[PDB]
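One-letter residues, chain by chain:
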Amino acid sequence: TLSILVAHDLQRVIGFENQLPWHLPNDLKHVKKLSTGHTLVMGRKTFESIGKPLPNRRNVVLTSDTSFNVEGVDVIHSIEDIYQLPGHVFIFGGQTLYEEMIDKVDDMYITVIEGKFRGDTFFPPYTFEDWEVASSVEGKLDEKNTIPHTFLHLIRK
Ligand SMILES: NC(=O)c1ccc[n+]([C@@H]2O[C@H](COP(=O)([O-])OP(=O)(O)OC[C@H]3O[C@@H](n4cnc5c(N)ncnc54)[C@H](OP(=O)(O)O)[C@@H]3O)[C@@H](O)[C@H]2O)c1
């Protein structure tokens with residue numbers, strides 16, 4: 001299975017200055033829950049913002065840099081390499097990867113951040129006439145999770 005994994009705001013912002021525009025612990029837990037034991041594919045900029053591989057899952061970074069060799073990280077140099085990765089593969093950003101993969105994935109795990117943030121990177125436009133809502137679940141708000149958010153699982157119609 002090939003899945004997009006992303007959080008975007010009401011205007012599809014996903015990033016600002018190579019970081020998430022929001023602080024939302026519960027979404028990071030959501031990402032951790034979904035991707036643990038599986039594979040995360042990320043563009044080079046996204047990986048460098050994280051800085052180290054996320055524990056307990058396969059970390060795959062897409063880059064043109066043939067000198068890239070990071071302990072705990074598997075490198076790939078083309079989109080086509082993604083299709084060789086066994087198991088459940090999550091496309092985990094950034095903008096370039098989402099743009100390259102949105103027409104190819106089976107489904108998408110999208111956290112809609114119900115706010116308007118300043119962004120410099122965006123998730124590409126999509127329509128629900130192409131995607132069925134398999135589930136839609138409101139995130140719980142608390143002390144440390146203060147922005148309304150909704151967990152969507154969308155499956156290509
Ligand atoms: N909101 C979310 O759920 C979420 C999740 C992850 C990331 N993000 C955000 O996304 C933003 C980064 O997005 P971005 O588009 O600027 O960068 P990116 O997608 O993370 O990285 C772009 C780089 O990926 C490599 N790449 C992409 N496609 C390639 C291809 N077909 N062949 C070879 N290399 C390829 C290239 O690396 P080289 O230049 O080294 O060749 C390219 O410069 C950050 O702000 C981050 O916070 C948001």
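Residues numbered from 1 in each chain as written, not as in the entry; some residues may be left out. Heavy atoms only, no water.

- Method information in the entry identifies X-ray crystallography as the source of the structure, with 2.040 Å recorded as the resolution.

## Digging into the pairing of strand β1 (residues 2-9)
Point 1. Counting buried positions over the eight residues of β1 gives eight, a clear majority of the element.
Point 2. As paired strands, β1 and strand β6 (residues 89-91) are joined by three bridges and run parallel to one another. Bridge assignment links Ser 3 to a residue of β6, and that residue is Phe 90.
Point 3. In this sheet, strand β7 (residues 107-113) lies alongside β1 in parallel orientation, the contact comprising seven bridges. (Buried < 20%, exposed > 50% of the residue type's maximum accessible area, 1.4 Å probe, protein only. Helix = DSSP H or I, 4+ residues; strand = E, 2+ residues; numbered from the N terminus. Pairing = 2+ DSSP bridges.)

## Topic: the site of the ligand
Point 1. Around the ligand sit 27 residues, and of these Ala 7, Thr 46, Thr 63, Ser 64 and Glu 100 come closest.
Point 2. Contact distances for the ligand include 2.7 Å between an oxygen atom and a side-chain N or O atom of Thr 46.
Point 3. Against a free-state accessible area of 940 Å², the protein chains account for coverage of 84% of the ligand.
Point 4. Looking at the shell around the ligand, the elements with two or more residues in it are β1, β2 (13-15), α2 (44-50) and α4 (95-101).
Point 5. When residues of the shell around the ligand are assigned to their parent elements, the largest contribution, five residues, is made by α4.
Point 6. Looking at the shell around the ligand residue by residue, the classes come out as eleven nonpolar, 13 polar and three charged. (Near = heavy atom within 4 Å. Polar contact = N/O pair within 3.5 Å; in protein donor to acceptor, adjacent residues only side chain to side chain. Areas by Shrake-Rupley, 256 points an atom, 1.4 Å probe, with all protein chains shown as cover. Nonpolar A, V, L, I, M, F, W, Y, C, P; charged D, E, K, R; others polar.)

## Let's talk about the nonpolar core
Point 1. Of all hydrophobic cores here, the largest spans 37 residues; its most connected members are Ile 4, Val 41, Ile 82, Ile 91, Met 108 and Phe 123.
Point 2. For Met 108, the contacting residues outside a window of four places in its chain are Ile 4, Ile 102, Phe 123, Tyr 126, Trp 131, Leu 152, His 153 and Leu 154.
Point 3. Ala 7, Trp 22, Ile 113 and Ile 147 belong to the second largest nonpolar core, which has five residues in total. (Core = buried A, V, L, I, M, F, W, Y, C linked by side-chain atoms within 4.5 Å. Contact = heavy atoms within 4.5 Å.)

## A few points about the pattern of salt bridges
Point 1. In this structure the tally under the stated criterion is one salt bridge.
Point 2. We note a salt bridge from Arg 58 to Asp 74, for which the minimum N-O separation is 2.7 Å. Of this pair, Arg 58 sits in strand β4 (residues 58-62) while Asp 74 sits in strand β5 (residues 73-76), and the two are 16 residues apart along the sequence.
Point 3. For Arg 58, a relative accessible area of 32% corresponds to the partly exposed category. (Salt bridge = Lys/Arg side-chain N within 4 Å of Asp/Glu carboxyl O.)

## Re the sheet that holds β5
The strands making up a sheet associate through hydrogen bonds between their backbones, and the pairing can be parallel or antiparallel.
Point 1. Judged by pairing direction, the sheet is mixed, and its eight strands sit side by side in the order β5-β4-β3-β6-β1-β7-β10-β9 without closing on themselves. At either margin of the open sheet sits one strand with a lone partner, and together these are β5 and β9 (131-138). Here the strands of the sheet are splayed against their neighbours by 25 degrees on average, with no regard to which way each runs.
Point 2. Bridge analysis of strand β3 (residues 39-43) against β6 gives three bridges, and the strand direction is parallel. (Axes fitted to C-alpha atoms, helices over the stretch in contact; angles between N-to-C directions.)

## Focus on helix α1 (residues 25-35)
Each full turn of the α-helix corresponds to 3.6 residues, which orients residues three or four apart in the same direction.
Point 1. Here α1 has its buried residues at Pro 25, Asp 27, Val 31, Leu 34 and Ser 35.
Point 2. Contacts made by the buried residues of α1 are with β1, β3, β6, β7 and β10 (149-156).
Point 3. Of the residues one or two after α1, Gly 37 is the one with positive phi, at around 85 degrees.

## Notes on the pairing of β7
Point 1. Counted residue by residue, β7 has seven buried out of seven residues, so it is predominantly covered.
Point 2. Where burial is concerned, the two faces of β7 agree: the one with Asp 107, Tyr 109, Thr 111 and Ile 113 and the one with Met 108, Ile 110 and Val 112 are both buried.
Point 3. With seven bridges joining them, β7 and β10 adopt antiparallel strand pairing. Bridging from a neighbouring strand, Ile 113 pairs with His 149 of β10.

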